[PDB]
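If you're matching them up, the sequences are chains S and P in order.
Residue 82 in full-length UniProt numbering is what sits at position 49 of the first sequence, and the numbering runs on without skipping anything.
Residue 83 in full-length UniProt numbering is what sits at position 79 of the second sequence, and the numbering runs on without skipping anything.
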Amino acid sequence: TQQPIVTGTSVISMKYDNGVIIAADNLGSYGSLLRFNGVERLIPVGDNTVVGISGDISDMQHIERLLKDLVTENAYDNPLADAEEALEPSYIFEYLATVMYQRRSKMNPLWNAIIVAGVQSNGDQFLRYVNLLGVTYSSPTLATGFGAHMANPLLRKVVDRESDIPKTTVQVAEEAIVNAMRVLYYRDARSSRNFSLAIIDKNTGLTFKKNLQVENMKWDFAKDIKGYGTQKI
Amino acid sequence: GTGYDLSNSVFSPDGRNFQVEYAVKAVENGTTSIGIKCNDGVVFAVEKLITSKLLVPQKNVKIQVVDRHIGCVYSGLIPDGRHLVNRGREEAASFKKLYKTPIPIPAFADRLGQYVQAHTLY
Numbered sequence: 034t035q036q037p038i039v040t041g042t043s044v045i046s047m048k049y050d051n052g053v054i055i056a057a058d059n060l061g062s063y064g065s066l067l068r069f070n071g072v073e074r075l076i077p078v079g080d081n082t083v084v085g086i087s088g089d090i091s092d093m094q095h096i097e098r099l100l101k102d103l104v105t106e107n108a109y110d111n112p113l114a115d116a117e118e119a120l121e122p123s124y125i126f127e128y129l130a131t132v133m134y135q136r137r138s139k140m141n142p143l144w145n146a147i148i149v150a151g152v153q154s155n156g157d158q159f160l161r162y163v164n165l166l167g168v169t170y171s172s173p174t175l176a177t178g179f180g181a182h183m184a185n186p187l188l189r190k191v192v193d194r195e196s197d198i199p200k201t202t203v204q205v206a207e208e209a210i211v212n213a214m215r216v217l218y219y220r221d222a223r224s225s226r227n228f229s230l231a232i233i234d235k236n237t238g239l240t241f242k243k244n245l246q247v248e249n250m251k252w253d254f255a256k257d258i259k260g261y262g263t264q265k266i
Numbered sequence: 005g006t007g008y009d010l011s012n013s014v015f016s017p018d019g020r021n022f023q024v025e026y027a028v029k030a031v032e033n034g035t036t037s038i039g040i041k042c043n044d045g046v047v048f049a050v051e052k053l054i055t056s057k058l059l060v061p062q063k064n065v066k067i068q069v070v071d072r073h074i075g076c077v078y079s080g081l082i083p084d085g086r087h088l089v090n091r092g093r094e095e096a097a098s099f100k101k102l103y104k105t106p107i108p109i110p111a112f113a114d115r116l117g118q119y120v121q122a123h124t125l126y
């Protein structure tokens, strides 16, 4: 049993007609101190999988090392490592899920919330969540921590049920997700304005966008607000 | 007397270790394999005897990779070769885990060396 120290906030994601999108800001908080700003919390694995991680950063870096090894190990005595026998997103997930549950069962968890996003070899979209308790679930949209309360409601207005997936384009989806990141910057006290976004499309492959920023914010109305009730100036 | 060649770690009167030498015979009896160092890399190649038309071509790969930057090939008892690579792989993972940087070839060589030398001590 431990307690997180340096932490990463929300990880939001959703699936669209041809793939899945996933995003996370670049902050590594230390309590109320927004200590580290160049933290990448999106881990690509191969070119069909991106693992988004929130929670304790030291454990994230540990999950990172585990993922690199999985790739190395898969290559060993595998003439099809970059073909029929390459790592599928579901393999990556089942592995992590297994570890998360073993660690909680030993009363020494990896203090994180993870979202594995990607495209299976047969084109299917893959989006599943696993956390420090080893709990797992899938939904057209998935978010961790704060984004679970604020992002999901927005994203779900685009893809409310399975049948909405084929009707959702990369444009619409990336837009929803970019807006969600802004909203989170508005109400989440542990969020950063900078973030990374990644798309895994069964046709265009993996697109990893770094150094994005929340833009087009509304703050002007702040000037019209004074006092907290009766004050006039 | 004699019998100095029946147990593995025994020194014969002339200071040799016959079992290690008999091991060599197993190596000489094997397929030929080579390595060539070039101006910025190395090349490995090996002979794969086609026992029969039944062997699926290109399938029974013999060269093995360790970590992501090392190649290993060998002649002799194939199973012994794999055993050594497996150790090499653990040896390399351990090194990277502690030092972050992938293991240097000289360091990797001694890892294999000490391990093999160890199998001539008992």
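Note that CB positions come from ideal geometry on N, CA and C, so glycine has one too.
query                                                                                                                  : result
Supposed close pair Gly151(S), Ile233(S) - CB separation, criterion 8 Å                                                : 5 Å
Span of the alpha helix (DSSP H) around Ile210(S)                                                                      : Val203 to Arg220
The alpha helix (DSSP H) enclosing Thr131(S), as first and last residue numbers                                        : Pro122 to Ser138
Complete alpha helix (DSSP H) runs within the stretch 151–187 of chain S (minimum length 4 residues, chain order)      : none
Any chain S beta carbon closer than 7 Å to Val65(P)                                                                    : yes
Supposed contact pair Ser37(P) and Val89(P) - C-beta distance, whole angstroms, cut 8 Å                                : Incorrect: roughly 14 Å between the Cβ atoms, too far for contact.
Residue closest to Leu165(S), alpha-carbon to alpha-carbon, out of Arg223(S), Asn141(S), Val84(S) and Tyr109(S)        : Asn141(S)
Residues of the stretch 67–90 of chain P whose Cβ lies closer than 8 Å to any Cβ of chain B, in chain order            : Within the model displayed, chain B is absent; protein chains S and P are what it includes.
Pairwise C-alpha distance: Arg86(P) and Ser171(S)                                                                      : 41 Å
For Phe159(S), the nearest candidate out of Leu188(S), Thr174(S) and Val168(S) (CA to CA)                              : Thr174(S)
Min CB distance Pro77(S) to chain P below 7 Å                                                                          : no
Secondary structure of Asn33(P), DSSP reduced to three states                                                          : coil
Local Cβ density within 10 Å of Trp144(S), reported as buried at 16 or more and exposed below that                     : buried
Cβ of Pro112(S) within 7 Å of any chain P Cβ                                                                           : yes
7 Å CB neighbourhood of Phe22(P) in its chain, flanking five on each side removed                                      : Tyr8, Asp9 and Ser16
Endpoints, the beta strand (DSSP E) within which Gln68(P) is located                                                   : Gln68 to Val70
Bounding residues of the beta strand (DSSP E) (the contiguous stretch that carries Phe48(P))                           : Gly45 to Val50
Beta carbon proximity, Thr105(S) to chain P, threshold 7 Å                                                             : yes
Listed by chain order, chain S residues near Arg93(P) by CB distance under 8 Å                                         : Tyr109
Segment contact flag, the stretch 49–67 of chain S with the stretch 225–240 of chain S, C-beta cutoff 8 Å, min 3 pairs : yes
Segment contact flag, the stretch 44–52 of chain S with the stretch 102–112 of chain S, C-beta cutoff 8 Å, min 3 pairs : no
Per-residue contacts from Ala97(P) into chain S (C-beta, under 9 Å)                                                    : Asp102, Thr105 and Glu106
Buried versus exposed call for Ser43(S) [16 or more other C-beta atoms within 10 Å across all chains shown]            : buried
Where the beta strand (DSSP E) containing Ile82(P) begins and where it ends                                            : Note, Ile82(P): premise wrong, no beta strand (DSSP E); alpha helix (DSSP H) at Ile82 to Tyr103.
Outcome for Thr82(S) when other beta-carbon atoms lying within 10 angstroms are tallied against a minimum of 16        : buried
According to DSSP, residues forming a beta bridge with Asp89(S)                                                        : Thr40(S)
Counterpart residues of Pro77(S) in DSSP-defined beta bridges                                                          : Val83(S)
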